[PDB]
Amino acid sequence: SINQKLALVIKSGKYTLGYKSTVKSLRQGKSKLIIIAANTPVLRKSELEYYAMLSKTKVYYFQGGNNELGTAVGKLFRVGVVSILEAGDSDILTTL
Amino acid sequence: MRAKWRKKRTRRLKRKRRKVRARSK
Amino acid sequence: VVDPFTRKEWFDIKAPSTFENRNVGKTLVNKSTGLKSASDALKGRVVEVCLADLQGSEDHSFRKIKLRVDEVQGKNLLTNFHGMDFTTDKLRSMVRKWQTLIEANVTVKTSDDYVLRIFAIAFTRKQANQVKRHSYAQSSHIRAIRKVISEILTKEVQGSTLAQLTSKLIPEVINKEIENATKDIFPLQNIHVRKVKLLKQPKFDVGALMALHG
Amino acid sequence: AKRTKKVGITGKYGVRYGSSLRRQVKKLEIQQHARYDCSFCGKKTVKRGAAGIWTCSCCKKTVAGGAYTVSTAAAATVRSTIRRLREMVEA
Amino acid sequence: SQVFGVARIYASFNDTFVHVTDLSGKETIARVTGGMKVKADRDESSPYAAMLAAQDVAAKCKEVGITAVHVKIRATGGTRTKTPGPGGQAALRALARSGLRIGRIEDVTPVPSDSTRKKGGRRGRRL
Amino acid sequence: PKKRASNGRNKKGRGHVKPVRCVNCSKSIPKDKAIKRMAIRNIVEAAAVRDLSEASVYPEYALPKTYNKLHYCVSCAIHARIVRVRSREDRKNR
Amino acid sequence: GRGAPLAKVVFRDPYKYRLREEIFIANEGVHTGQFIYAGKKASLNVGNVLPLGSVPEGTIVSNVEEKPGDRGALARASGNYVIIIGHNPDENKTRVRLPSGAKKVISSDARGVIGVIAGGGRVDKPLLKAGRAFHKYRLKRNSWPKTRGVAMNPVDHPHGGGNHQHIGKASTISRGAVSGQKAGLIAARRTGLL
RNA sequence: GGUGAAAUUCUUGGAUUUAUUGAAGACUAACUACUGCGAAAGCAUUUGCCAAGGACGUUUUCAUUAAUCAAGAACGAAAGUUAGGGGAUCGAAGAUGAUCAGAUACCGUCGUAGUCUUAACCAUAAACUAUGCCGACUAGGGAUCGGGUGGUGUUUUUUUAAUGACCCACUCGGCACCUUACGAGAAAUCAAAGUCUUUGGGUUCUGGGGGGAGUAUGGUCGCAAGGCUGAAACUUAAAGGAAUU
């Protein structure tokens, strides 16, 4: 499931929450995979996808809202997009 | 000694007695 | 009272090339007068024939096909696939108590824009040397078997258009590889196919439908 | 402190207008005064303006719907049947 | 060189139906039925009435040289009785004796998946 | 009072109730566990089959039966002469 | 004066440099900034204007045109729509389910917006005060308050007059009755509790 | 069209039926069993998602954290109530046609509320296994659900590697059965309803003749319908349970 891997990443690997941390992370080049919610504004996720494919970064689509994304990652607030710099003890980069 | 119909008649008597009580109070 | 027979004519129908037999009966049709034009009223019609009649053998007795007419040409109207069904008098035979019934359904497309509703039926067999009484299913093998049978039939229909789907449905090789590829789940006897329902159609598509009678 | 035990929202009407009238408008006022979330942000900020108006102060999106509920069961069933028909034609 | 048809025998209760028609089903012939040859309100399903109905159907079948006809016997269906009427056997035997070719029998009574709750209520009919 | 178990219901679940078929004594059966009397009566009764075999345009084939799973005999089949009233030798079978 | 909202959609002129501001009946489930697809070759989505001749049976459509070119006749009140039963390829017509439960057959070239008009179930909350009714009817016409004809004067109404109060004659009025006598029930086939 | 027999009703404007469909609602038939889950009510299509639960195996952990329940909270069949959606079949009321001395009952046809769902009430049943929960022992056998163990077990192929289907022997947890009664019971019967005069394992609740009466009143919850607690006056020598002719 997505939630267990997300929790394993949030416990071991580094992470940036929000928009601008994510954009600086990817733009510098450390980001390996980004997570975009379903209720994200089209233009927003479209640009994210453009940045990822120009920077050669994998893209995964999450069906749900920002609040459930926050609950899954382990933070009670809401998050529109997240990126993983290194998996750590996880293997989400290999599979999926 | 039909329990159901005598029981229903008992509730009708309850209705009438409640109406009589509500007439004064 | 007028005589309907003198006001009506006879018509002959030929089965598609999917079945080697051609003639599938004789349909009574009113004369196509200019006021009514009964010729175009024949487009929306179906004809139900037995597979045993359409094959000349006796192992197709419990199989039959309804055959929708597509084009009419000088008392020689030709027909096309509409949908087959297992006869209910026979369909109540192989189903018995003290055994498990298996039913799977799909909405898989084909190569000619047709959409079909394919179902299938599988049982559990009282194996040889058995001493038990019912040989019931574990209830989770059905969960494990439903996915594979749907997968194997969907991959078979995909990549093959309607013509060879029928040309291989009549021999009933579909249940041939079901048992051997699933010998590790249940004995799986009586894997005869079930109804196929065709929901949405493309346009008339003149010419290509002639090839089934060309 | 919960000054009113059962009257709730409709305490301004006082003693008159009866009981059924006040209780019905009360049930309607709970749902029509409730805070909703825009389907595009997720924050509880949607508020009712005019009749059939579901405005917001943060998402800045107005979604037309019921005069007192942003999405009724009729909306759910009509969306379901319309998407069924759309799938059937587009299949 | 024989011409076929569909007789679609409808064996119901208190009435019997025979309808010889082409395989297409959009054109039918000989609407004669069990009640055609009797006026009793209680002998419609009797074997004699069914035999007379089939004899009339067979006689009218060969108007312009119709040889054979398929049959498909059905009951009332729905959720009422789910069994063929007594006159069904007499109906299908009369025309067969009359020289009419019979074959490809098929039990076309409709059966539901426990739907459309039938007439009677919880306690049903009582006599 | 007789009828310890009454019917075969020892577990729970209550099942459901199906309509009774052509009895004129239809009612809510005590669960699906009643007298069944499944019938495999043929579409054609005995005799008169020689006429059908000869009149068949094609040879052999045919001869199926009616496959009717019945649940119509419940607490009123004594009128219909199906279930026989018995005595303390009822220990046979269930 | 309308419980249902108004959808203001701006179109693009395909003939000259201009953008047309259209006033549409606001359906439910449609939000500002979403693209309205007005035409025949569009897809079955809420807010689309697909004609009933290019849609299958059973679809829910609001703001149904009676005839082509009328530009809005049927299904204009909040919480109402139209259901399609069937269509005939010959002499193109569409069978519709009228919001009154009536039967009407119209041409297949009639446009309608897919969905249900917003503001459904508007008449669920009573008006309580006379002020709510007064404000409701101030925006429509001078039809409030309405006086009973039984507390009237003999000259003022046929139903009035008398020391006591009573209707006097039968309240049902024939369809062929002249103007002036049509006071009460008009062509009432049946009356009483339904 | 129907009933034992009839009748209402629909039928040249085509009744009923058939063939092509389309739309609406409800259910999950056959598979359905002295076969299975849930505390109870209750659960009988496909697939995905979420969490929870019993049993099994453990040479892993805590350490007696444990059993029953006044007052006290949650679920809770059908029916009923509030406001929407839906409203196809059936259908409390009702409208009709019978039979009947009488029939607003049984019988045929329509038919509102209701039968389905949503948010909130209703807290009731032959809600029965009429048998409370926890723990221990006691004559046997067979079948069955889930798990596990051993036997080159018989099968499945690419005989054979495996899996899974079953065979044999056994185990735990069960729902439960068949023959007998050491024992109990007034008997019907019970592997407990046994281990109660040879009377005592722990715990909660209920009843002291039948009516009055689950009634009066007083409290309490409920929109209402209703639910919980709950008498007295007066009357009778019989009410009631198992089997026999």
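Protein chains in written order, with PDB author numbering: chain e, 9 to 104; chain p, 1 to 25; chain SQ, 20 to 233; chain r, 2 to 92; chain SZ, 11 to 137; chain Se, 2 to 95; chain D, 53 to 246. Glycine included, every Cβ here is placed at the ideal spot set by N, Cα and C.
Buried versus exposed call for residue i [16 or more other C-beta atoms within 10 Å across all chains shown]
i, result
"Se:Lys28", "buried"
"SZ:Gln99", "buried"
"e:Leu51", "exposed"
"SQ:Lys174", "exposed"
"D:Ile238", "exposed"
"D:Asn115", "buried"
"D:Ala222", "exposed"
"SZ:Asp32", "buried"
"Se:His80", "exposed"
"SZ:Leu62", "buried"
"Se:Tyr73", "buried"
"SQ:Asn99", "buried"
"D:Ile137", "exposed"
"e:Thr103", "exposed"
"SZ:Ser125", "exposed"
Of the listed residues the options, nearest to residue i (C-alpha basis)
i, options, result
"SQ:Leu97", "SQ:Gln146, SQ:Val43, SQ:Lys116", "SQ:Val43"
"Se:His17", "Se:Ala35, Se:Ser7, Se:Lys3, Se:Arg5", "Se:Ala35"
"D:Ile158", "D:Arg70, D:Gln86, D:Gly105", "D:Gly105"
"SZ:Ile39", "SZ:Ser22, SZ:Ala17, SZ:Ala21, SZ:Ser55", "SZ:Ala17"
"Se:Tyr68", "Se:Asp33, Se:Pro60, Se:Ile44", "Se:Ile44"
"e:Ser91", "e:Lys13, e:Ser29, e:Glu55, e:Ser20", "e:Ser29"
"D:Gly220", "D:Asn132, D:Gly212, D:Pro197", "D:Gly212"
"SQ:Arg82", "SQ:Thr107, SQ:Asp59, SQ:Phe100, SQ:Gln220", "SQ:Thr107"
"SZ:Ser11", "SZ:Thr77, SZ:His29, SZ:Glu54, SZ:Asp51", "SZ:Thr77"
"e:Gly96", "e:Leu77, e:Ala15, e:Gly88", "e:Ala15"
"SQ:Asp224", "SQ:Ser76, SQ:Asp72, SQ:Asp131", "SQ:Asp131"
DSSP state of residue i mapped onto helix, strand, coil
i, result
"SQ:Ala200", "helix"
"e:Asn11", "helix"
"SQ:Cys69", "strand"
"SQ:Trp117", "coil"
"r:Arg84", "helix"
"SZ:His29", "coil"
"D:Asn215", "coil"
"SQ:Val176", "helix"
"D:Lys68", "coil"
"e:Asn74", "helix"
"D:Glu118", "coil"
"SZ:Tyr20", "strand"
"SQ:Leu217", "strand"
"SZ:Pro57", "helix"
"SQ:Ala139", "strand"
**Message:** Taking beta-carbon pairs under 9 Å, can you tell me which members of the stretch 101-112 of chain D lie near chain r?
**Reply:** Sequence-ordered contacts of the stretch 101-112 of chain D with chain r read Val107, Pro108, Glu109, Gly110, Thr111, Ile112 [C-beta pairs closer than 9 Å].
**Request:** Taking only beta carbons into account, state which residues of the stretch 81-107 of chain SZ come closer than 8 Å to chain Se, listed in chain order.
**Result:** Of all residues in the stretch 81-107 of chain SZ, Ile83, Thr89, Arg90, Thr91, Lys92, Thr93, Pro94, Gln99, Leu102, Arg103, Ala106, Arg107 have a Cβ within less than 8 Å of some Cβ in chain Se.
**Request:** Select from the stretch 66-86 of chain Se all residues with a C-beta closer than 7 Å to any C-beta belonging to chain SZ, and list them in chain order.
**Result:** Hits within the stretch, in order: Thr67, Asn69.
**Item:** Members of the stretch 210-225 of chain SQ near chain r, C-beta cut-off 7 Å
**Value:** Taking 7 Å as the cut-off between beta carbons, the residues of the stretch 210-225 of chain SQ near chain r are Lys219, in sequence order.
**Prompt:** Touching or not, the stretch 67-78 of chain D and the stretch 198-215 of chain D, by the rule of three or more beta carbon pairs under 8 Å?
**Reply:** Touching, no, given that fewer than three Cβ pairs across the two stretches are closer than 8 Å.
**Asked** Going along the stretch 36-58 of chain r in order, which residues come within less than 8 Å of chain e, judged by CB to CB distance?
**Response** Those residues of the stretch 36-58 of chain r that come within reach of chain e (Cβ to Cβ, closer than 8 Å) are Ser40, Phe41, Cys42, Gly43, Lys44.
**Message:** Please list, in chain order, the residues of the stretch 46-73 of chain e that have any C-beta partner in chain r closer than 8 Å.
**Reply:** Taking 8 Å as the cut-off between beta carbons, the residues of the stretch 46-73 of chain e near chain r are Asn47, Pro49, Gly73, in sequence order.
**Asked** Any residues in the stretch 29-50 of chain SQ with a beta carbon nearer than 8 Å to a beta carbon of chain Se? Which ones, in chain order?
**Response** For the stretch 29-50 of chain SQ, there are no residues whose beta carbon sits under 8 Å from a beta carbon of chain Se.
**Request:** Pull out every residue of the stretch 80-110 of chain SQ whose Cβ sits closer than 8 Å to any Cβ of chain Se, in chain order.
**Result:** If the cut-off is 8 Å between Cβ atoms, the stretch 80-110 of chain SQ has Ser80, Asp108, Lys109 near chain Se.
**Asked** Can we say the stretch 155-163 of chain SQ touches the stretch 177-185 of chain SQ, given the rule of at least three CB pairs closer than 8 Å?
**Response** In this structure the stretch 155-163 of chain SQ does not touch the stretch 177-185 of chain SQ; the number of beta carbon pairs closer than 8 Å is below three.
**Message:** Please list, in chain order, the residues of the stretch 32-59 of chain Se that have any C-beta partner in chain SZ closer than 8 Å.
**Reply:** Residues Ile44, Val45, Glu46, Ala49, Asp52, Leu53, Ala56, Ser57, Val58, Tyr59.
**Message:** For the pair the stretch 90-104 of chain D and the stretch 59-76 of chain r, tell me if three or more CB-CB distances fall below 8 Å.
**Reply:** No: the two stretches stay apart, fewer than three of their Cβ pairs being nearer than 8 Å.
**Message:** With three or more C-beta pairs closer than 8 Å as the rule, is the stretch 22-31 of chain SQ touching the stretch 42-56 of chain e?
**Reply:** Judged by Cβ distances under 8 Å, the stretch 42-56 of chain e makes no contact with the stretch 22-31 of chain SQ, as fewer than three pairs qualify.
**Message:** Under 9 Å, CB to CB, which of the residues in the stretch 114-142 of chain SQ have a partner in chain SZ?
**Reply:** Result list empty, no residue passes.
**Asked** Are the stretch 11-31 of chain r and the stretch 217-232 of chain SQ touching by the rule of at least three beta carbon pairs closer than 8 Å?
**Response** No, because fewer than three Cβ pairs between the stretch 11-31 of chain r and the stretch 217-232 of chain SQ fall closer than 8 Å, the two stretches do not touch.
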